[PDB]
Amino acid sequence: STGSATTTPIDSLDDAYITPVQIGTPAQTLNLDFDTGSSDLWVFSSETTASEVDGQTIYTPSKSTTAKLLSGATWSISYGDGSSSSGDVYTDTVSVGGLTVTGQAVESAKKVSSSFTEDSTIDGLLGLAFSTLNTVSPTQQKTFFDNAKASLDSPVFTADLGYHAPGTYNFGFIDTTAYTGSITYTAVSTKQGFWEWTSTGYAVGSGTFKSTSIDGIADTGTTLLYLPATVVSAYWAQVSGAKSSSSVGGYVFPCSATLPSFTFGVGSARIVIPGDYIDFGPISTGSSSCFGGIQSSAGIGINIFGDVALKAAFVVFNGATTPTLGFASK
């Protein structure tokens, strides 16, 4: 089997991407944030504290003839940005772009933190990291990909995120029309539960390539590109007036600037992030100070190849017995 679904930016900055997901019988369609950096599929629901729902579409398990309460199961998660959610668990039928999993753990939110409440466009998350990170207790649950894997034509899914435009998540096949040149595959460590890999270096603008190992994770659920402070400093030094602002919480730059590209290495291959991809607009409405799309990972404890990086590539998440990651230009 295969699946194919369009993923759409939630706003004009590509702060995140939502993908429609069918849950239950009859189908309840929710727009979820596909997140290769976590492993819980959770949703706003009829059980969510009413004051914490503000415009989201909710899953109502009582209206699904295939929903079953997973007795005794609870979940609770906290994300790298400080947000969190928690609740109980159903199993139900979940389909993505024509691909159907029966008995998928659907984690029903009883509580969500303010940032989820405040984002009306995201109805929940669909985790696509390794199932070892799933928070369900006392019986850990499998991700949608993990449940679908055996049925898929090929044990893979691909992320093709658009810049200021829709893109595609595919399951079970590689669309050879969706990228240019060849796909370069690179080793993955699953030891931390992430799609963790090692980039072979970087360049800033038309600058020479610096060969250097950068360990990080491919994380569709993180907006920006988080790299070591040395790297990030080298980038922003090429932008007149750019500075790190502790009050804003990162590198800012004059909105009048033309940003240079940023290249990262995948083996011997190179992915180029256009400078425009690195502009996240005024820090506040009307400001002429703009927020940078490349930020320091110092104090996160891990480098993160988030949407800024991944949207410049066609990315293969290969879930074979020994997982690997593939990157192609597009």
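Count begins at 1; order follows the chain as displayed.
For this deposited structure, the header notes the method as X-ray crystallography, 1.6 Å.
Every residue gets a Cβ built from N, Cα and C, even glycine.
Pulled from Swiss-Prot:
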DOMAIN    17-328  domain 'Peptidase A1'
ACT_SITE  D35  active site
ACT_SITE  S199  active site
DISULFID  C255-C290  disulfide bond
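Calculated from their C-alpha atoms, the gap between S199 (active site) and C255 (disulfide bond) amounts to 30 Å. Each residue contributes its Cα atom, and for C255 (disulfide bond) and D35 (active site) those atoms are 30 Å apart. Under a cutoff of 8 A between CB atoms, and with a sequence separation of 6+ in the same chain, the neighbours of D35 (active site) are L125, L126, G127, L128, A129, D219, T220, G221. Fewest other C-beta atoms within 10 angstroms, among the disulfide-bonded residues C255, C290, are seen around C255.
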